[PDB]
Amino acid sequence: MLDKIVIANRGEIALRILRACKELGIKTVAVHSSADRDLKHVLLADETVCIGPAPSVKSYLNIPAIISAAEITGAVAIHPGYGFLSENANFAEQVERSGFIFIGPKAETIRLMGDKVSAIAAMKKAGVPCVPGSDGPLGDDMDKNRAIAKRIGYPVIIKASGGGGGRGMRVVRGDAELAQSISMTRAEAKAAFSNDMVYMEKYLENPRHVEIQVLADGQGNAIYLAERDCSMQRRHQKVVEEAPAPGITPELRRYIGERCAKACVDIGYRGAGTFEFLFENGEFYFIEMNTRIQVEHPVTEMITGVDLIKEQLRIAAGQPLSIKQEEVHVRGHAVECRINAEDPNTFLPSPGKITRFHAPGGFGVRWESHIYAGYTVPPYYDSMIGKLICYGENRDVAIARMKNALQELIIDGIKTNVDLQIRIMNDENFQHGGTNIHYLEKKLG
């Protein structure tokens, strides 16, 4: 196994990775900012290194400080987690170049998928169904651009190639808005990503957000581990995730799944990864690929039995996948509620000290969090402070366990979205299943 690794992250995911390392007998190096000396995973790590002050640019995005920490402790690999440098190709490249293993794919694979246009071209070539679109970047010729939009059919969406999530994109519903919308998306992309390249896709009006978890090793094995529905969201921020997706038949699962596995072979993918799709009218349309472990990975683990973080560490060490595709079975159902330190009226981060904490327990209840009684949530990082994942023999049992768990959960001293999560679990449309990406925002309205 890897002897010792640097966990280049913080919070729940850093604790998640630390647990996996200890199971595997891997030594841990917890790199942390000065604000994060009292993190749960830091206090459990074999070795700790303070890599800088609170703001991320000087700590968790500080490439030299992180690599220097790996050098001085004699670590052999770096896990980026999610959300920081985890999809930074230059970082992965620099890590590989410095002599350490980057837990993830090759740097060139990271930048292929970090460029949305070329990612789409790669997937379309490999046989993955995509959104009807421009099939290339848009130029400055508005006659060409209008012809592309006519061919696609209004409404259309303009997207930044260097973009991702909700950055940066606008819907165009007629010719009259097209030129200005391309210009505005370009300007925003140039400012944000130093990449003004944009593409066009047919705008899907009411889709679901269904994504496929994959694993691929260094010995030619590539598997899919079913799907996740992530439609319960607000402004490109996932709120509830669940596995498998309601309404997806075993035969739809293998259809799209096998196509994702083949794409991995074609591109020589390595590690965990997620294929993000829009699902509408029984049809899958690829939009982007995440080349890292995701926040919502625990729901896939519950229903397959596969420890994805352990697999990442096995792959990085040159072990094959511990599971064959024929041995991957979907059993039961899992729901994840993100727990955020946020104000219920503004949805702005609400940091501060937790005065009382109690975690829920029981059969099928998994609590993924670093928080404890007396812990202070800092203002410098993301608002998500924990993940409640509940598993049942079916969807209704999973939701029923979630409601129970949410009621056992005590987090005093700070504002949370626990009451909102309770409302969603009690929502009749959610309880039916299959709600689109716009549902939560219109329920909140």
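We number the residues from 1 along the sequence you see. Take the two forms, find the largest set of C-alpha atoms that superpose within 1.5 Å, and that set is the rigid core.
After superposing on the rigid core, the larger RMS C-alpha deviation in 8 other deposited structures of this protein belongs to 133-141, the other candidate being whichever of 133-141 and 89-97 remains. Core-fitted comparison in 8 other deposited structures of this protein shows that, between 289-297 and 212-220, the CA atoms farther from the shown form belong to 212-220. Omission of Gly361 is seen in none of the other entries compared for this protein where the adjacent residues are built, far below a third. Where the other entries of this protein model the residues before and after it, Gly164 is dropped from at least a third of them. The PDB entry reports B-factors from which the mean C-alpha value can be compared for 146-154 and 358-366; the larger average falls on 146-154.
Remark: stretch with higher mean C-alpha B factor among 84-92 and 167-175 is 167-175. The maximum CA B-factor among the listed residues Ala77, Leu308, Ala189, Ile303, taken from the PDB record, is found at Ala189. Per the deposited record, the Cα B-factor of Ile5 falls in the middle third when ranked against the other modelled residues of its chain.
In the deposited entry, the Cα temperature factor of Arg235 sits in the top third of values across the chain's modelled residues.
In the deposited entry, the Cα temperature factor of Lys262 sits in the middle third of values across the chain's modelled residues.
When the CA B factors of the chain's modelled residues are split into thirds, the value for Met200 lands in the middle one. Among the modelled residues of its chain, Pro344 has a C-alpha B-factor that falls in the highest third according to the deposited record.
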